[PDB]
2 protein chains.
Amino acid sequence: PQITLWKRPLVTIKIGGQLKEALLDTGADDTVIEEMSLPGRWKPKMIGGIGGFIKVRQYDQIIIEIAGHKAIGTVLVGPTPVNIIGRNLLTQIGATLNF
Amino acid sequence: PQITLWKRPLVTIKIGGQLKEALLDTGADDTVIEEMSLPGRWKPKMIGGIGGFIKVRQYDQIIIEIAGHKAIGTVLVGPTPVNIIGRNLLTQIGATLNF
Ligand SMILES: CC(C)[C@H](NC(=O)COc1ccccc1)C(=O)N[C@@H](Cc1ccccc1)[C@@H](O)[C@H](N)[C@H](O)Cc1ccccc1
């Protein structure tokens, strides 16, 4: 499937058995999900962009579904303004930016 | 042109007659460029990112070139750590997401 960028590129994802929405973000190195109860081992990390950095929980080898596609990798959990699917997982589902 | 996402999707832009690198950023509504002198009228604006808000100068109807494509539209100038090309201009260059 293919998406223009006339609207925010929101897709449904499944994480820890819960449905959420998230932005497919080519500008994001990493994947950042709002605070939630997520089983798994984690370690503290900072992640940043415009406006500075926030402290997040770094979970490795998390199974997540992104628009129907299964991916497994690192997910950062923290006080992000919006759920973000970054390049670490977009690459695993074979997403590309075309023009 | 099909950009895989193993590395940050950086391209060359031309703005105010100067070449710069910039990131193609499907998660950004707007296009934000680091501090530079640009001639003409602007208005003040605040935009938000992962770490909070920054103040920017909002310039409308700027002529810009992005990876060889012409565009004309709104450019925000302020203390972003990375020059970003948001959806307002990505739609002009015809960028789409594919997976
Ligand atoms: C998510 C982050 C892991 C990501 N940052 C990065 O991927 C790398 O961040 C840095 C920070 C400093 C220096 C060098 C690199 C990011 O901010 N990505 C942003 C672009 C960017 C900003 C600053 C530096 C590098 C990229 C955008 O893609 C951003 N995710 C969107 O605006 C999404 C969004 C929409 C609405 C509200 C809040 C967030």
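Order of the sequence lines sets the chain letters (A, B, ...), proteins ahead of strands, with each chain counted from 1. Because only heavy atoms are used, hydrogens play no part in the values below, and waters and symmetry mates are left out as well, while side chains stay in. Each ligand, and each atom within it, is numbered from 1 in the order the structure gives.
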With no hydrogens and no angle check, do the side chains of A/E34 and A/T80 hold a donor and an acceptor under 3.5 Å apart?
no
Could you tell me whether B/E65 and B/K14 make a salt bridge, using a distance below 4.0 angstrom between a side-chain N and a carboxylate O?
yes
Short N-O contact, B/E35 and B/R57, less than 4.0 angstrom
yes
Give a yes-or-no answer on whether the side chains of A/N88 and A/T31 include a donor-acceptor pair shorter than 3.5 Å.
yes
Taking it one step at a time, do B/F99 and A/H69 satisfy side chain to side chain contact (heavy atoms under 4.5 Å, CB included)?
CA-CA 9 Å; B/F99 36 112; A/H69 297 108; 3.3 Å; yes
Do you see a donor-acceptor pair shorter than 3.5 Å between the side chains of A/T74 and A/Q58?
no
List by chain and number: which residues place a heavy atom under 4.0 Å from ligand 1?
A/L23, A/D25, A/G27, A/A28, A/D29, A/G48, A/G49, A/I50, A/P81, A/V82, A/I84, B/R8, B/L23, B/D25, B/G27, B/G49, B/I50, B/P81, B/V82, B/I84
